[PDB]
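Enquirer: Experimental coordinates follow, after the sequence.
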Amino acid sequence: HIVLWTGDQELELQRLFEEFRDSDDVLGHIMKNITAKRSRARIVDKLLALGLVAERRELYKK
């Protein structure tokens, strides 16, 4: 794996998150669509660090 994000990798993460956030497996759809190898837990932490979600439970809303 890698653990840092280039500017373009961050923008890609955001586009995929925006698309898949209402699915039942947002992280799975993100991971299927990025080329870099990354762990699920690190991607979750990056979504939090960017403020795309404010806390973990927002990744799976009712």
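Expert: Thanks, I have it. Numbers count the residues shown, from 1 in each chain.
Enquirer: ok, and what's touching the lengthiest helix in the chain?
Expert: Secondary structure assigned by DSSP state H gives helix 7-20 as the longest helix of the chain. When contacts are defined by C-beta atoms under 8 Å, 6 or more residues apart in numbering, helix 7-20 is touched by residues 5, 26, 29-30, 33-34, 36, 43, 46-47, 50, 52. (C-beta placed from N, C-alpha, C; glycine too.)
Enquirer: which of the residues you listed count as buried?
Expert: 5, 26, 30, 43, 46-47, 52 (16 or more other C-beta atoms under 10 Å).
Enquirer: Need the max-distance pair from the residues you listed.
Expert: Using C-beta to C-beta, those span at most 17.2 Å, a distance reached by 5 and 26.
Enquirer: Based on its surroundings, how many neighbours for residue 38?
Expert: Applying other C-beta atoms under 10 Å, we find 18 residues neighbouring residue 38.
Enquirer: My understanding was that it contacts residue 30; is that so?
Expert: No - at 9.2 Å, residue 38 and residue 30 do not qualify as touching, with contact defined as C-beta atoms under 8 Å.
Enquirer: now the helices: where do they sit in this structure?
Expert: 7-20, 26-32, 40-49.
Enquirer: Could I get these in JSON lines, plus columns for distance to residue 57?
Expert: Putting those into JSON lines (distance: least, C-beta to C-beta, whole Å) gives the following:
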{"stretch": "helix 7-20", "distance to residue 57": "15"}
{"stretch": "helix 26-32", "distance to residue 57": "13"}
{"stretch": "helix 40-49", "distance to residue 57": "11"}
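Enquirer: so how far is residue 62 from the nearest residue to residue 33 once chain neighbours are set aside?
Expert: In space, and not counting its chain neighbours, residue 33 is closest to residue 16: 5.4 Å by C-beta to C-beta, 6 or more residues apart in numbering. With distances taken as C-beta to C-beta, to the nearest Å, residue 16 is found 22 Å from residue 62.
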